[PDB]
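*Asks:* Okay, handing you the structure first.
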Amino acid sequence: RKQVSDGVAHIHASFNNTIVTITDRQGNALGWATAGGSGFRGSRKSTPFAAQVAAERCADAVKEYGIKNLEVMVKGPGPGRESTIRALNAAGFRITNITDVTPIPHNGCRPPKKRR
Amino acid sequence: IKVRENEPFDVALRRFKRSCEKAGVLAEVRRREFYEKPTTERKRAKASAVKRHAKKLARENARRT
Amino acid sequence: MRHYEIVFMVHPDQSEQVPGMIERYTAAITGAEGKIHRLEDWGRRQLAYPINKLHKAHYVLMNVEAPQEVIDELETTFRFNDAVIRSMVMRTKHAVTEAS
Amino acid sequence: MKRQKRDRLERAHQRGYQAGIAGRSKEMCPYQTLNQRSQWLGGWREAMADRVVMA
Amino acid sequence: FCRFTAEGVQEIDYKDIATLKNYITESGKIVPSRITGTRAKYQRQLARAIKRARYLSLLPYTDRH
Amino acid sequence: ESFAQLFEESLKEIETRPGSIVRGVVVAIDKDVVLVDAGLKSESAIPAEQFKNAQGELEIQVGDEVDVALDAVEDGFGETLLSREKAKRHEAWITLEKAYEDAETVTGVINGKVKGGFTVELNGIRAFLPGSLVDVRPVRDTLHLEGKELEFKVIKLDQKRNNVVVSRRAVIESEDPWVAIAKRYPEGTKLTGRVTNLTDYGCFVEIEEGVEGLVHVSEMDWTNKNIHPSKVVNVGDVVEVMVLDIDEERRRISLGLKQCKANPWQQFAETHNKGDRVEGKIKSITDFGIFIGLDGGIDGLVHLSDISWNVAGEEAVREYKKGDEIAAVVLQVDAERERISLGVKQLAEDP
RNA sequence: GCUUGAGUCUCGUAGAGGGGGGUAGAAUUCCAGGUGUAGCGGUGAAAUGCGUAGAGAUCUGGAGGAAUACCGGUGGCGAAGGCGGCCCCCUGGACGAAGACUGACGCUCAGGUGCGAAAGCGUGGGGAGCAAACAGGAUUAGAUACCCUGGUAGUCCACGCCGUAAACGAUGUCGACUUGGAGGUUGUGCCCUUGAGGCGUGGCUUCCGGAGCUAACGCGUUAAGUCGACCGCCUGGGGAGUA
């Protein structure tokens, strides 16, 4: 429980799901909540609203660590990614800075061939 | 991308630069190596560019409105 | 002869050996009938990104005129040294003066 | 048997919104009069954001 | 637009990062010649200078280092 | 013979390209189109608005002579760029004389700073200057009688981009755009800029020494989408605009224009938003939950179905009030965010 | 004999032209460790699959392989195939300015010789990611398929072979002549470089159109226009580019 002050809020924002991992400055996790585990299932995981409910259900169950202010990292080009940080302005936090950690390779490995 | 500033901030600047270069390169690179149709899609894109420029230019005569 | 524009970066807490290193290296070039046209040391400055978990390296610019076998032996001596991180040798064509 | 619904003004809006969402990044299927082209393009640019928020 | 390398008599050196930082964006990406409006020859010399300065760590590759 | 050749080089010698030689005689007037003939290919389609002086009415009948401008030839059919810019050169000459004179004395009257320098207006035109230029010292013309008469003593001019800040009162006292793009930057520095071409998404006001601004369509007014910028402002006109954004890479200064009648809306929220002031307003379209009175300069959606009488739910406003009629309605709430004033009509005398 | 065709020399110029060597950053995968716990992943919906043996996420370190974001340009170079991080070494071609030099040394070319994407084959390495075959889950009336989860050859390197492609501009090479416009790229000359300026000049290239041509579509000074030299090829469709 550790009585931490500030945290780093990683938001993995893929197409089929958003998971929200609130950690500390150090980089080791304090609590996470996903858009799947909030009652939304299958296609309904892939909405911004499930990301908002995920950010709520993380922002409490990190209450016991006592975080006043947090940074926001967002990885992934998904349908959440903005409603989930409106849901961290509204959850009672002070947003220090917001970054983008979406991995853009200087094209390396080959992508899959997926669609027809 | 990286937004930090004083108390009116945090949304518009970030969704601007984030949304443009992020959604561009990730929505591109997410699948389809293709090896062949960036050539076709750039050729069609730029032929459509010169056809749109000349088409609007000679379409700048009249429209009877 | 061939011109070269050597910029080599130096591991920071071994930077007091740098005036020795410059004397050994331009002594090695000068021992083979080669001129020199620049000596510009930029001092300990800040790396844009960490090279081996390490910031703030000490940069030396040389910009020498020398033959090929001498510049090749010199580049091998830049390899086989743990004090030297990221050497670089560059183009020919009419070596130049003050830059920064 | 009665008269036309929202006389092309904010029907021109939702045509540009549906055409904005379903691709059509032409912005080159509008009307030609100003009061209807302005919000065909208005619905188009309001539909680009609603394409970014979803798949 | 204007080409500042054409306004000078320059041949782009890779060490004036005061000038090269006018041609990287704040994400490290090289800015297009349709934006800066440089000539194509100085655009190629510019790109080699940016990549070379990246190799000597006088410029960053990205902003996530 | 060589009469014609000599004649040609003669006529080359007795004209120049810019609007310099006052040569076009006004040979037909009709509202709203003036037309001249300065010895060029065709006759200009002149607006009337390059020729009315300082109060709105025309000044020049048939035969009168103003030079126009040039260096642009044939857009299909026709000849010029407007003579009003012509005038700018004359203004520049007078400013040069003052700089040249060592000083320029006219009248300058500067009430306030859009972007940190009082605005000075000379004859027909009004110019914007940096904040210091208006006053010699710390005197400040806010305490001076409004729109006062002095002259202008020049404080600062930007020499490329045209901004001139001039010296009111105190008679006794006597590559290139983009490196240092921090002058008009800081958040909201208002500028006076002529618009160039309105591209159906934009307006392209761009004045400050070789830059490009947009003011695209979203602000422009206090309506969003139905606006069509050609209807709402102008073509070729110097306006209220400020930066709102400068992007260092991508070279897109994204100016705005709503920083104006936004204030009128705020005043409406306030002016009549002090408490519960009564307003006489006309309904425009009743949408089954209200009546939408929209008098008083663009204040949007208003009275809800809940009040309307002293009965709650059954009322259906089309039965009870009108279409297009001026009523009692008082304010009851102005919400500063989300732009919702919520008037009412139950505040009357039945109970 | 002559110099216009062709070729050589003195200066430069740009270029993903080729061969060899080296090195940099981001990312993917795996392994070891930390924090942490109930899901992850995927779809049009789902399930197979992975996870309480601690997954997914997050951080630190390490290994290995492959490709080089931005610049990136109906841009560049190459006979064609093709060639994109950066640096070095060895090396081919093109272009232009001013001269000098040789003096028809030229063009094409059956047979022949050489180069020749990808797949594939042989030998030896290497194997991240992807991915035929294959397994499983779906879908479907069926589904040896598209979709999903995995996954071996192959993709990579060195040395040989194969010698085919919608190897396409579906347009053999070389040369001459014949109205224009808008661009790109690359040299160069003069003048007020006095200002990103103006007037010409060569090369390569993109589009639009003139006469002319064509069955039309369209081509249009880089012709499918007018001609010349040489070569390859065609003679109804199927059988058959098969025996």
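Residue numbers start at 1 in each chain; chains themselves are named A, B, ... in the order of the structure tokens; ligands are numbered from 1 in the order shown.
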Can you check which parts of region 128-204 of chain G lie within 8 Å of region 95-113 of chain G? Per residue, the shortest pair of atoms and distance in Å to one decimal, counting only C-alpha atoms (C1' of nucleotides), sorted by chain and number, as JSON lines.

*Replies:*
```
{"residue": "G:173", "atom": "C1'", "partner": "G:108", "partner_atom": "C1'", "distance": 7.2}
{"residue": "G:174", "atom": "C1'", "partner": "G:107", "partner_atom": "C1'", "distance": 5.8}
{"residue": "G:187", "atom": "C1'", "partner": "G:96", "partner_atom": "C1'", "distance": 5.3}
{"residue": "G:188", "atom": "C1'", "partner": "G:97", "partner_atom": "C1'", "distance": 6.5}
{"residue": "G:202", "atom": "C1'", "partner": "G:96", "partner_atom": "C1'", "distance": 6.8}
{"residue": "G:203", "atom": "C1'", "partner": "G:95", "partner_atom": "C1'", "distance": 6.1}
```

*Asks:* Residues of chain C no more than 12 Å from chain E, counting only C-alpha atoms: send them over as a ChimeraX atom specification.

*Replies:* /C:5-10,42,45-51,53-61,85-91,96-100

*Asks:* Neighbours of region 30-47 of chain E within 12 Å (only C-alpha atoms (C1' of nucleotides); same-chain residues fewer than 6 positions away dropped), as an MDAnalysis selection string?

*Replies:* (chainID E and resid 1:17 19:24 53:54 59:62) or (chainID F and resid 175:179 212 247:252) or (chainID G and resid 13:15 69:73 75:76 85:86 184:186 196)

*Asks:* Report as a PyMOL selection string: the residues of region 25-90 of chain C with a DSSP assignment of helix (DSSP H, G or I), based on the backbone of this structure.

*Replies:* chain C and resi 25-30+68-79

*Asks:* Of the candidates B:5, B:60, B:28, B:10, which shows the shortest atom-to-atom distance to chain G, using only C-alpha atoms (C1' of nucleotides)?

*Replies:*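 Ranked by minimum distance to chain G, first place goes to B:28.
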
*Asks:* Set the cut-off to 9 Å and count only C-alpha atoms: what are the residues of chain A that reach chain D? Output as a list in words.

*Replies:*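 That gives residues 15, 46, 47, 48, 78, 79, 80, 81 and 82 of chain A for chain A.
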
*Asks:* Between B:33, B:56, B:7, B:61, which has the minimum distance to chain G (counting only C-alpha atoms (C1' of nucleotides))?

*Replies:*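 Comparing B:33, B:56, B:7, B:61 against chain G, the winner is B:33.
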
*Asks:* Give as a PyMOL selection string every residue of chain D that touches chain B within 10 Å, counting only C-alpha atoms.

*Replies:* chain D and resi 32-33+49+52
